[PDB]
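Throughout, protein chains are lettered first and strands after them, A, B, ... in sequence-line order, and every chain is numbered starting at 1. Side chains are part of it too, since the values below use all heavy atoms of this structure and drop only hydrogens, waters and symmetry mates.
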Amino acid sequence: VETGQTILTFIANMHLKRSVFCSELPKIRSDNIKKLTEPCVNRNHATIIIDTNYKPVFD
Amino acid sequence: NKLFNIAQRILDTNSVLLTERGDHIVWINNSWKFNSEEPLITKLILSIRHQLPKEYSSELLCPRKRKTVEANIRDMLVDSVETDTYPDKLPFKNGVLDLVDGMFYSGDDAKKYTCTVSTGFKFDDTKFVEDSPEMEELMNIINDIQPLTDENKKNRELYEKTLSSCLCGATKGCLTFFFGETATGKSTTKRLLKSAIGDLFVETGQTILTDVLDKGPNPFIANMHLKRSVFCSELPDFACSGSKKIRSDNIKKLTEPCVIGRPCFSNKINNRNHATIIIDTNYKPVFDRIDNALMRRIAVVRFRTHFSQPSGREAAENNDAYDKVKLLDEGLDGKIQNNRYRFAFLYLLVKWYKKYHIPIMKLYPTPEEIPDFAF
Amino acid sequence: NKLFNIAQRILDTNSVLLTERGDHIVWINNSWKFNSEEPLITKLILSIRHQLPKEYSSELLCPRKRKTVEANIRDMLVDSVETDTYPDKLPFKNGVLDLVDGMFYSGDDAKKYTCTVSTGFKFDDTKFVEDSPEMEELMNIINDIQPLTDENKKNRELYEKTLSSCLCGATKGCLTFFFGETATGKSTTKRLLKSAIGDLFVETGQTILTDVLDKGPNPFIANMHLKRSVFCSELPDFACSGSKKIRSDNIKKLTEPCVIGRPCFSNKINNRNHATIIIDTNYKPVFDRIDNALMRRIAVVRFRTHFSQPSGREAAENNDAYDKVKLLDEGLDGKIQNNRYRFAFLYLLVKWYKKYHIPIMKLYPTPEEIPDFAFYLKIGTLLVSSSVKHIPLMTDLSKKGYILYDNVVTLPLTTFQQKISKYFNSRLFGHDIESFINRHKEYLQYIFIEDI
DNA sequence: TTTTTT
Ligand SMILES: Nc1ncnc2c1ncn2[C@@H]1O[C@H](COP(=O)(O)OP(=O)(O)NP(=O)(O)O)[C@@H](O)[C@H]1O
Ligand SMILES: Nc1ncnc2c1ncn2[C@@H]1O[C@H](COP(=O)(O)OP(=O)(O)NP(=O)(O)O)[C@@H](O)[C@H]1O
Ligand SMILES: [Mg+2]
Ligand SMILES: [Mg+2]
C-alpha cells in the first residue's frame with residue numbers, strides 16, 4: 001500500500017497488509033508513530049517503510 | 001430443474017460475467033452493460049429467450065420465474081474475469097471500433113473485447129469519412145481556436161495529442177490544463193469533445209482536486225470509473241484571500257491506476273482510472289506543495305484567440321492575451337448541442353490518434369508553462 | 001403469457017420510456033410525467049386499459065396483476081431516449097404550446113416533443129386571447145413598474161427580454177440582477193412570473209452563489225434541473241462587513257449547460273441548466289474577483305417606481321432613487337396569488353418572445369451598470385497593450401517618459417503610478433490600482449492611447 | 001444507511 005502525507009501527518013486500507021509505504025516526507029507526529037506500533041488501533045501486520053529525501057526532524 | 005437448465009444454457013453463451021469489483025455485466029444489443037440499480041440480468045433473460053429452444057421460451061414470459069433464473073445465474077457466477085484490457089478500442093452502442101486500423105466490429109466480433117462502457121450512441125458509417133460539408137465547417141472551427149501558425153505549432157500539437165488521448169482507454173500520466181481568457185474556445189472544445197465520445201465523458205466537481213476524498217459516499221469520484229475523459233471546469237482564483245490551493249496529493253492519487261471512492265448505497269470502492277483529466281482555467285494553477293513528482297504530472301495548453309462581437313472588437317485587438325480576433329457565431333452552440341459535428345470531430349480524433357498515439361501512448365508534461373515551477 | 005401480451009401492446013404505444021438518467025417517464029393525461037417515489041407505470045397501466053380489447057382490460061383491475069405487467073415493462077425497456085431537446089416548446093399539463101407560432105398541441109402532436117417538465121396547470125385558450133379585460137389591468141401594472149418613457153427605454157427592453165427568456169428551454173448565458181430600492185415592484189414581477197409559468201418556476205437559496213456547489217447533498221442546486229426560471233432574493237449588502245461576497249466562481253458555473261450537484265440519497269451529479277437566473281436586490285452586488293469572464297455574464301434591470309402609502313408619499317418624492325411615486329394598491333398582492341393574471345401575462349410573454357428571441361435566443365450583458373466593473377471598463381479604454389504597431393513610433397516616444405527595457409515596451413513603476421494618479425484618484429481606486437499593479441507586475445508593458 | 005454530524 002502507498003500513502004503520502006496522510007498517516008504520518010486509510011484505516012480500512014491498512015488491514016492485513018504485510019507492508020505499507022509512505023513517501024517524500026514533506027513535523028512527523030510522534031504520537032502517530034506510537035500508534036502504528038500497537039497491533040490494534042483493524043490489525044497491524046505491515047512493515048511500514050518510509051523513504052526520505054532529507055534528514056527528518058521529529059517533534 | 002427446468003429453470004436450472006435455462007440458467008445453465010444462458011451461462012453457456014457467456015452473456016453474463018462477474019467483475020473483480022463485483023459488477024454483473026450483461027451482453028444486450030451488442031454492448032456490455034452494468035448497472036447496480038437496474039434489473040439488467042432479467043433484461044438479458046427476456047431478450048435471450050429467442051435463442052433457447054421452443055419449450056424453454058414460454059417459461060421465461062412469467063416475471064417470477066425470471067427472478068428464479070437470475071438467482072440461479074448469480075449462484076453459478078463464482079469466477080471473475082478481467083474487463084477493459086484493450087486500450088485501443090472505442091466502444092459504441094452497436095460495436096467496437098479499432099483505433100489502430102479503420103475496422104469496425106459489430107456482433108460477436110466486438111464481444112471479445114470486454115468493453116463494459118460505451119459512448120452511448122450508435123456508430124453511423126455515413127459521416128465517418130473525411131468528406132461532406134460538416135468536416136469543412138468543423139476544420140474552420142478548430143483552425144480558428146488553434147491556428148496552424150508556426151508559433152502555435154508546438155501548442156497545436158499538444159492540443160491534438162491531448163484530445164486524441166481521450167480515445168485511448170488507459171491510465172494517463174499527466175493532468176492537462178486548458179488555459180485562456182474569456183471567449184477563447186475552451187468550452188467550445190469541451191462541448192465538441194462531449195458530443196464526440198458521449199458517455200465516455202464525465203464532468204466532476206472541484207472537490208476531486210481541493211478536498212480529501214476519503215469521507216462517506218463520493219459520487220463525484222465513483223462516476224469517473226472507466227471514463228476516458230474527465231473535465232473539471234472553472235478553476236477559481238485561489239491566488240487571493242480565502243481559498244484552497246488545489247492539492248498536490250490528489251494529483252498523485254488521480255494519476256494512479258486506482259482511485260478510491262464509493263457511490264451511495266454501494267460498497268464498490270475501487271475505480272479504474274482511464275481518463276484524460278482536463279481542467280478549464282482562466283488562471284494557471286498553484287499548489288500547496290511543489291515537489292519533483294508534481295513536475296511530470298502537469299501540461300498546459302494555451303488558447304489565444306478571441307471570438308468577440310462587432311461592438312467590442314477594437315478593445316480586444318489591444319490585448320496582450322490575444323493573438324487573433326474573430327467573429328462570434330451565435331448559432332454555433334446550437335449546432336454542437338444538436339450533435340452536428342459528432343462524427344466529424346470523431347474522425348479528426350481518430351486521425352490524430354493514428355498519427356500520435358500508436359503504437360505507444362504517453363503524455364509528456366510541460367512544466368515550463370507555470371510561473372510556480374520556474375524556481 | 002396473457003399478462004406478457006398486455007405489456008407488449010403498452011410498449012407498442014410508446015407510452016412509457018426510459019431516460020438517460022434512469023427515470024421512467026409515462027404519458028398520462030396528455031403529459032410526460034416522471035416521479036421517483038410514485039407508481040407511475042402502474043398508473044399508466046390502469047389508465048390505458050380502455051384502449052385494450054375486452055379480454056385484456058378486465059385483468060388490469062387487480063393491483064397484483066398490474067405489478068406483473070409493470071415488471072414485464074421494465075424488462076423490455078433496454079435503450080434510453082433523449083428528452084427536452086426542443087427549446088421553443090412550452091409544455092403545459094394538457095399539451096405543448098409552440099412559441100414560434102401561436103399553435104397549441106394536445107395529443108400525439110405534443111407527444112413528439114418529449115418534455116418531461118410542465119407548468120402544472122391546464123392551458124385555457126379562452127383566456128389566452130388578447131382583449132381579456134384583465135389584460136388592461138395587467139398593462140396598467142406593467143406600465144407602472146417599467147414606465148414606457150424615453151429614459152426607461154433600454155431598461156424596459158431588457159426587462160421584456162429577460163422575462164421572455166423564461167419560456168425558452170435552452171441554456172442562458174447571463175445572470176440578471178433586478179436592482180431597485182424598496183417598494184419598487186420586483187417581488188410583484190416575481191409573483192407575476194410564478195403565476196404564469198407555474199412549476200417551471202423555482203425559488204432557490206443563497207448558497208448557490210456564495211458557497212461551493214459540490215460538497216455532498218445540495219438540494220438547493222439539484223432542484224434547478226430542467227427548470228426554466230430560478231430566483232434568488234435579497235443578497236445581504238455584500239459590500240458591508242460580516243458578509244460573504246458573490247464568489248464569481250459560481251457565476252461562471254451557473255452559466256454552463258451542466259451544473260454539478262446531487263440530491264439526497266442519489267448519485268445523479270449532472271443537472272441540465274435551462275434557467276434564467278434572476279436575483280432581486282436592494283444593493284449592487286460585489287464579487288471576490290473581477291475578470292473579463294465575469295463581466296460577460298452579468299446584466300442589471302433597474303426598478304425606479306415607488307408604490308407608497310398616502311402618508312409617506314412626500315418623503316418619497318424627494319428621494320433620488322425613485323423616478324415616479326404612485327399609490328400602493330393593497331388588494332393587488334392577493335389578486336396575483338389567485339392567478340387572476342395567469343394567462344394575460346403568459347400572452348405578454350409569448351408576444352415579447354416572438355418580438356425578441358426569434359430565431360436566436362441569447363441574453364447580452366450590461367457591464368456599464370455594475371459599479372465594480374468601472375475600473376476594468378476604464379482601463380479597457382485607457383491602455384494599449386504591447387508592441388508591433390508601436391516599434392516604428394518609438395522615435396517620437398523618446399520624450400513623454402517612455403524608456404526601453406527588454407526590447408518590447410516598458411514603463412517604470414513610479415512612472416506608471418504618477419501617470420495613473422492623473423486620471424483618477426486613489427481615494428476609491430487605491431486598492432484597485434494596487435491590485436492591477438500587483439497582477440501586471442519591474443516593468444509594465446502598457447502604452448497610453450494619447451501617446452500613439 | 002445516508003445524512004448529519006464532528
Ligand atoms: N471557431 C469559432 N467561430 C465562431 N464562434 C466561435 C468559435 N469557437 C467558439 N465560438 C463562440 O465563441 C463564444 C465563446 O466561446 P467559449 O467556448 O465560451 O470560450 P470560453 O473561453 O470557454 N468562454 P470563458 O468561460 O469566458 O473562457 C461561444 O459563443 C462560442 O460559440
Ligand atoms: N402597479 C402597481 N400599482 C400599485 N401597487 C403596486 C403595483 N405594483 C406593485 N404594487 C404593490 O406595491 C407594494 C410593494 O411592491 P413590492 O413587490 O413589494 O416591491 P419590492 O421591491 O419587492 N419591495 P422590497 O422587497 O422592499 O424591495 C406591494 O404591496 C405590491 O402589491
Ligand atoms: Mg467556459
Ligand atoms: Mg421583495
Exercise. Quick check: does any side chain N or O of B:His24 sit under 3.5 Å from a backbone N or O of B:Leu18, one acting as donor and the other as acceptor?
Worked result: no
Exercise. Okay, side chain of C:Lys65, backbone of C:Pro63: is any donor-acceptor separation there less than 3.5 Å?
Worked result: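 No, because the side chain of C:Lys65 does not come within donor-acceptor range (under 3.5 Å) of the backbone of C:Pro63.
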Problem set entry | Phosphate OP1/OP2 of D:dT1: any B:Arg262 side-chain N/O under 4.0 Å |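 Answer no for this pair, as no side-chain N or O of B:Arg262 is under 4.0 Å from OP1 or OP2.
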Problem set entry | Integer-rounded Å distance: D:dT1 P and B:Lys215 NZ |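 It is 20 Å, rounded to the nearest whole Å.
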Exercise. At their closest point, which heavy atom of C:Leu209 faces which heavy atom of C:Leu175, and how far apart are they?
Worked result: CD2-CD2, 4.4 Å
Exercise. Base, sugar-phosphate alone, or nothing: which one does C:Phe265 contact when heavy atoms must sit under 4.0 Å apart?
Worked result: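 Base, at least one base heavy atom under 4.0 Å.
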